[PDB]
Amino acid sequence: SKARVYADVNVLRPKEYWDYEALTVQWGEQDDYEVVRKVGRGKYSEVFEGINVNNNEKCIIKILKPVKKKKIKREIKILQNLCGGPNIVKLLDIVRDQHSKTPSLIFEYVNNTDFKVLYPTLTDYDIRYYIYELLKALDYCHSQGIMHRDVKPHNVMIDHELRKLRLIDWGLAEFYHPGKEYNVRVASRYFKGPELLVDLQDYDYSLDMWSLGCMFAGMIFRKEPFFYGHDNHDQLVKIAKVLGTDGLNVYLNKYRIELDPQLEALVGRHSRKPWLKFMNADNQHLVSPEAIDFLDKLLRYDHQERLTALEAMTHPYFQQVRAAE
């Protein structure tokens, strides 16, 4: 498999663009930034709102829990290539604890409103708008040869008042290389594309669209996560129970990929579930023919069938938002 778009970005760019292991970090002053209050935390870092001692501007300090120098160079190089692009979290500085080497990435500040409390307030248009904004981030990084590999609400910071959105956490992000096999233990479970659940290692930008699709199904259907699987195997089961297994079968055959006997019998056989069957009084006003049509073109077993970010932005669903533009 090869990405249907932006497949040669890296092959035509200077090696120093993608050769992240060959990055020599320019550490700044661990001082210019003061932690003001812990505002978040993944298992790969603790996050705090912070102040830039110099200009007093707010900032976000991401202190990294012991990371292999090679992975940090990846996240850093990726942040550097995408810095300036639409809705990409701006990396303002890299610093380190003098005494112990602990890295902290300094980013632009985003007065974010956690999704668990923001999404239920979102109007039909709001969702359309924000998803749209997220699509600019995605189409942009994809156009730079980068797979985020970790799309999800948690990684989409949103300032509702300013309507400013930023795709964050490029720690699981990777450069796309035509015909390269990648680890399928990326992205959060509930957003893991089928290809990740069936060890189809030669994936691409499309991985993200599925993630987005999951995030979108969650927002319109008000069901977060949309595919709540306790474990990777069960994750493929929550999917098959929605997309149907015959679709899965076609996917598996097209890419000559087998399934492990155990999971195989666990995913059993399920008929495709109409998207409208997820509709209820609570989300009826967010569901629409276009929302369904857009979502249907996102959640495709075949990563090759999924809408590319650029195509998603032109789907009529986004027409009103584009018109405001």
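From 1 onward, residues are counted along the sequence shown. Basically, rigid core = biggest C-alpha set you can superpose within 1.5 Å across the two forms.
Stretch 99-107 is the one, of 203-211 and 99-107, whose CA positions lie farther from the shown form in 8 other deposited structures of this protein once all structures are superposed by the rigid core.
After superposition on the rigid core, the larger root-mean-square Cα deviation in 8 other deposited structures of this protein belongs to 90-98, not to the other of 90-98 and 244-252. Higher mean CA B-factor, judged across 32-40 and 255-263 from the recorded values: 255-263.
Mean CA B-factor, 231-239 versus 206-214: the higher value falls on 231-239.
Set against one another, the Cα B-factors of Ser143, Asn155, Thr123, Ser100 in the record reach their highest point at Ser100.
Looking at the C-alpha B-factors along this chain, the one for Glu311 belongs to the lowest third.
The PDB entry assigns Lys297 a C-alpha temperature factor belonging to the lowest third of its chain's modelled residues.
Looking at the C-alpha B-factors along this chain, the one for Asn183 belongs to the highest third. Annotation for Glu195: CA B-factor lies in the lowest third of the chain's modelled residues. Placement of the Cα temperature factor of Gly247 within the chain: highest third of the modelled residues, per the deposited record.
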